[PDB]
Every structure is written in C-alpha cells, then in structure tokens.
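Listed next as structure tokens: two forms of one protein chain, kept apart as structure 1 and structure 2.
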Structure 1
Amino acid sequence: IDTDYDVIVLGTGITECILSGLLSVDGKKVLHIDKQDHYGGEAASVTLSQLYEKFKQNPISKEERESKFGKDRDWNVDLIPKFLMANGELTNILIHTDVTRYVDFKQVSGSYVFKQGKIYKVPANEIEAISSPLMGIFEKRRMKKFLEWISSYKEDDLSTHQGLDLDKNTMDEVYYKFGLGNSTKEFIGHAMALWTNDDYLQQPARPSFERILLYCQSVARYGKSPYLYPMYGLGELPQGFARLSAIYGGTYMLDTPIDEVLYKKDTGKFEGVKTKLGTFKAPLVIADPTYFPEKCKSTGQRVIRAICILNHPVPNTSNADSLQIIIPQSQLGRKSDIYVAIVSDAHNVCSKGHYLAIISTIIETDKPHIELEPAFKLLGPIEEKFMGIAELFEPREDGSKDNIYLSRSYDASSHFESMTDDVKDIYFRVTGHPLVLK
C-alpha cells in the first residue's frame, strides 16, 4: 500500500537484485518491480516447456517430451551461460551479504581449450601440467617462469617487477621478456586471461595481468577449476539477493508491468511509475535496458546462444559432469572466441542422464547458425537445440542528469566479473560513494 520509496528498481536480473539487496541492507526503502511472472530477467533459468515457448515454432507433444526429457520440474535452464570465478567479486559479495545461505554451489570439473580439431583439459595442478600434451617441455618451462612472475610480482615493490611495467609495457612485451611462442601466448591470453580476441597483445599489460592472477587465485581456492556453479541454475542468484532485500525491508512486485514512467515537469528527471497496483514514487530508479530503450544505445554486438540438450557426457572429457570449453578465434579464423558451458543433473538443472551444453559467441556473419558448427561438433549427438540472438545494450548517460540508473545487458564473457563491475559502477552513480562490503 506504500507509495513513496527511496529507490525503485525495475527488472529482477542479477545486477538489479544485488543492488536492491545492498540498498535495503544500507537502510534504504526499496521497491522492486518486474513486469514478468518470475525472477531472473534476461538471465533467468527456465523450464523445458518455456524453452519451447521462447525458441520453437510449436510446442512438443506431451509423450515426446515425457519419453525424452522427463518432468518439467527437473529443468532449470540458463538463458545466459555464466560461471563464477572462485576468487571473483561475486563470490566475495555472496560471502559478505551471506546470500550463500540461499544458494549451494559445486565446482566445475575443468576447463578445456580447443586446438587443431581437439579439446584439451587446461592443467589444474602440477601432476596435470606434467602429463598435458598441450605443450612441449621447453614451452612448459617458459610458462612456468612466466606464472612464477605472476605470483611473485608485488605492485609497491619494484624489485619484484623483473623490469616489467604493467602500465607502460604491452602484454606482447611481457610475453617477449619470457620468450613465449605464439601458441603459448594464445593459451595464456584465451585460457587464463579469458580474452576473446588478441587485442590485448597491443594493450598495456595491467588488465591481462589482473585476469591471469584472478585465474590462478580461483583455481587455488579449492582446486580442479577456477569455476563454481549454483545448484538449480543461475536463476538462484538474483532470487538469493531479492530475498536479502525483502528481509531487510524491500518490497517486491512480480507480474506488474509499467503502465507509464512519470517524469518531473520540466527536467526529464524520474518521478515514479504507474502500475495496475497503483502509483509509486522515488527520487531515482535502477533498471535494465528493456524498461528504458530510448535511454540506451547499442554496443554494436549481437550474441548467439545455443542451448543444447544431450543424452551423454561431452566426448573427450572423461565423463565430466561439468566443464567450460574455450575455442580461441585464431583456431577458426574468427574475430572472437566461442565458449561452451556444460552442466548436468549433478547440478539439478536437467533430468537424470541429460547434459546442458550452451554455446555462445559474438555474431560476425549473416549465418550465425553456421558460425557455431565447430562447437556443435564437439558435443556428440544433440537431442535438441534452442537458438537465441540477443543485442547488447548500455545506457547513453550515467544517470546524473535524469536519475535513471541503467544496467548493461549481460555480455558474451564466460563469467560474472563484468556484471559485478556494472554493480559497483551503478552503486557509485546511485549513492555517490564506492561500494563498501560489510
């Protein structure tokens, strides 16, 4: 029945729910609205029948879906594939806010990199580093010396820098210092730093250095891989933070479209929203691009995401219940990498015996389907494909002119680091102070 709030939030994507949970904890009165009947926004996990609704011409017969896929309640399928870095900022936020209370996690079994037609497990430890057929003895020696520098480098101690300057050296020069061949560069840049093109080579080393170190720290936290994945799918994440918000006094409205955004008479500044439940007012709003299309611009990039259902483990993965596949662009003459994120019934996201393999890349030809062929061929026989194209939006302005703080669309990257960057940026724009975790 309340009508006046400190903050109105629109859309229950992970970005919005984290901010909601943070602001409610801060002691702000938050109203959070979604025009849709479920949580998650553009990055929700959905049922198998919902997949058919969204991506298929007609639904599937009851007996075909029953015999092939079992019960719809067993299916929690990510619309946007992401893992969490084990030492990443999202895990840090989950710990501090204790949203870990609402979500369980398992480790992804490994990461694999594509090279000349075959995939190879990225070594997770020394035993694996020795056995690996990815590189030769001298290649392994040179990279060992490179990674030793990654770990022994200290910012404020110049005697540890081995003559390298993160800001004044490009990553190619960092590579050059250590004698690294092009194939070893590709491994480091794509498999550890997780860049999706080679642009980084001609850029200051600092961002590459940060990403690589994050990789190393994430694998060290628990072992096996840099990655974690939530039980019941990525949709558990926003719902976790939403619950945090509600507990701290946040009010939530699902299935409530925005009839009209209200603006201050002459400034264009946010005033409130009209809904079927009434009019609600706040000095500012946080929203995803779908609520304010005129105030967002296109980044120029479109992302194809193919959800693939399988009856069997991915070939050449030792029956791994989860993994990441990385296909570097130079392996395909492409401009950007192709990712595959694979999870299974071990993660309560599909019925017994199935696997979910989600392939994504940035589209660069007029035939996105054909672009993905290389990745399709890595999976073995595929029960079903669900194809979706998404355009990447970002706000035109920062919100300082109108009090409309918009999030960015979920990007092509394989994890949530860029999402948590958005969160921190938006929090600063909204509150005027940097995010301090309690």
Structure 2
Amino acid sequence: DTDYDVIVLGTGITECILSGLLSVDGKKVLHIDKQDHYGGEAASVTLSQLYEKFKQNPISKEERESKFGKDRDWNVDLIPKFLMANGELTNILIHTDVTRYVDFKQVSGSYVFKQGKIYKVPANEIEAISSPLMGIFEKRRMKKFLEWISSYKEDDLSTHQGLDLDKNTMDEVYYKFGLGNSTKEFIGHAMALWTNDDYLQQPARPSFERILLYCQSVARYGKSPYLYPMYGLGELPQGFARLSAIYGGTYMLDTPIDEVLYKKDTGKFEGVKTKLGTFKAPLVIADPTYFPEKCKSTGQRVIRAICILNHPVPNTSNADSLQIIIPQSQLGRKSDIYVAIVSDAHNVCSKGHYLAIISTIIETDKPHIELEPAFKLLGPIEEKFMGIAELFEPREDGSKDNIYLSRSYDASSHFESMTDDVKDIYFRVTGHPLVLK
C-alpha cells in the first residue's frame, strides 16, 4: 500500500496511543520510526545500553554481570511514569485493548516529603488517624475531610456540608475543615497532583474530583493509586505494534524520513519519502524530532537521575515500588521533585536491586545539586545515570498544515500531562473530543 488515512512518525508512547486509537477506529495507519528500536525519545534500555548512553567510560561486561547481573533482567525506562488506576488513561488503554499484551501491576506505595523525611500519603480515614504527617487534632480534621470526599453526592444536598464545588475555592474548602498549610500541601501536591498552589484560588470542583479519583484508585487494589507494567513501559509500543497488525497496520522501524512531501500551493502535508518508497496521507502525527522547525522550546529543561540501589529506600517498609512527591516549598523551589521507584517485582532489574528515578524542572545553573535532597532519601547509591532534556511544544495546532505534533515528556513521574496531550492531539486530528466507543 502507498496511500493511507494517517501517517505517524515516532514510537514514543504518545504516538503509539494515538495510532492505536485511530486503528481501532477503523482508520488505516502507516506508523514509521527512524530508530532501530521502539520508544522514541523515551526508549527502554538494557543496563549495558544504559552505560553507553550516560557514562564516558562504561565498565566491563564482567564487572557489570557480577555487580548487577545479566542484561535480560534489566528493562530500564528512560522516562518511567506511573498510571493512575482509575484515571482516564486506563480507560483509554483498555479501549485500544493494548492491555491484552501489557500487564499492569500495582505500585506498592505512595509517599510525600516533609521537612527532610518521607511519609505515606493517607488515602482513607484509618490511615489519616495513624499518620505522622499530622498532629492529633489535624489527624481528626483530615479524617472528616476524607469522610466528606467519600460521602459527597451532587444530588444529595446534606452531604455537601455547606460547601459548593463551583462557588467555593479549594482554600475555602480547606478553611471549612480547618486544615493547616502542610496538610493542604500534601493534599494538593500528592493527592490532587497539582504542580503548584494556583488551585487554592480556583473553584474546588476539579480539586475535589482529583482527590476522589486518588482515593478511589487506592481502594481498587489497596496499596497505592499507581500502576506500572510488568517489564516496564517498553511493553507498550511493542503491544501497540501487535495491535496495529490486527487492524491492517504497518509499524515500519529502522526507516528514516528522507523527505517530507507537501502540497503545492496550500503547504499542507502530503506524505514522506523513504528507502522503502513513497507513502501518502491527508495528515501526519509526529514527535518534535521529526519537525523541529515546527516546534518551539517551552524554556523548560528537565534533569533525570536514574539511580541503582542494592537495598530498598529507607522508611518505606521495604516497598518493592513507590512514588515520592517532594512538594516545591519544602526545598524553597519553583517546581516539585518526583521520584519513581521500581524493582524486580516489576521485572525491570535483577533480584536484590532497585531503580530510583529522580526528575524535576531545572531552576539553577547547577541541576545535579538541585537533586541532592532527593539523593539523601535513597541511602547508599551504587550508580547514577543522569541526563538533561529540553522540553518542546508545537508552534501551531496543526490545522493549517495537517501536521499534528506532540509535546516532549515532562518531569512528572505519573501519566496525567501525557494523557492531556493525547486527548488534545486527538481532538485536533479528528475535530472532536475523544469518546470511548
């Protein structure tokens, strides 16, 4: 075939989901990648590959296999992110049926940083009354707050407790319940998953919904609200490649774009020229690396430090996996710091080893030093693999040229902003919001 409905460029997660969505929608999708492996700018790599990428002089095979074990046990996501169990993305992933290949397993814990230590995020009334995050009266306010979150019904006025989610700000909701500033910090940053404090002066409704989502997601399997695939996120592009074949799709790896074809007068997308031929479609979905002149910097750079440990993270009750959220005001920062922790329980490293991946938006001339507080939380660290990436966004929404571009993957250790981008790109491409039919 030479003519398709959609051409997609890159097999980063955002592209894979969209081409997956379009294929199950009955569209005919040619999906190409210039790279000889899946994952785009967010590939999954073996431990040996990890050394080649980040280390000037990588250690010998014998050192590595004795210290850390064999490559076949290591599936290290470059940008690992967790899935909110009851969130929109889970619904999206199930809709596409990529979940027939990918097995999402519970992350064991959810933690928040306060004044030098990390604590479990209390997601039920029971956890609230036992939490060292709060003083004794605060414990009891938080229990009442979570009782309210769970008992609120839009159509039952008495459950509202004098508050309305449209007219009251979240700060007014907090005031009602008597909640201190530290408490609202972990609610806002670690339950509602806001990245700053702007939500304080905005209607409570969106805050209410995200907190409820958080609590409902924990209650699902019992340990945390977060999911992570067995063998890690590298399973997803592989699963989307399979899913494509079923819908008459072609995932063309190792195929660079020699030239992009444009229509004469209008300047809209026409197709691409490859070593395998010339292929045409009315529209293209691609990542920023395929059209850098049609993308712009956000001004943002992200530092990621992939750390290897021989022991679990201190003060996590030997959790096999967890997220830590470090709220910005705890470090006098403009940006939260994120930590994703996974281990052999998810089959991404060898037995007895842990992966602790730290990420944040850089705000100083010394990015590695911004992460010191996060490094301190991990105990002895065997090796760090640290990189900096600049974040890009499209210059246009693609309505003028039929070139629909994704955003670079940001600092968060969870999938919310990625899901926002998928929904937004889908709307731009199809002219309507995404509905799961």
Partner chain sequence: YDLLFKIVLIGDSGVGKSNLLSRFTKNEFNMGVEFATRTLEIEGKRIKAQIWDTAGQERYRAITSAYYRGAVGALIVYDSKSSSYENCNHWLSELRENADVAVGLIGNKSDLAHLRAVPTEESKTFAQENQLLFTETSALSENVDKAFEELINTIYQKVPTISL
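Rigid core here is just the name for the largest C-alpha set that superposes within 1.5 Å across the two forms. Reference numbering: structure 1, starting with residue 1.
Here the form deposited without the partner chain appears as structure 2, and structure 1 shows the other form of the same chain.
When the two forms are superposed on their rigid core between the two structures, the C-alpha shift of 2 Å or more among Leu147, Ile325, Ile307, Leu134 belongs solely to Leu147. When the rigid core is held fixed, the Cα atom of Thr361 travels less than 2 angstroms between the two structures. After superposition on the rigid core, the Cα of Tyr175 moves by 2 Å or more between the two structures. Remark: with the core as the superposition reference, the CA shift of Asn92 between the two structures stays below 2 Å. For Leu201, the Cα shift between the two structures is 2.7 Å when the rigid core is held fixed in the overlay.
Superposing the two forms on their core, we find that the Cα atom of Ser218 is displaced by 1.6 Å between the two structures. Its Cα shifted by 0.8 Å between the two structures, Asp398 is reported here after superposition on the rigid core.
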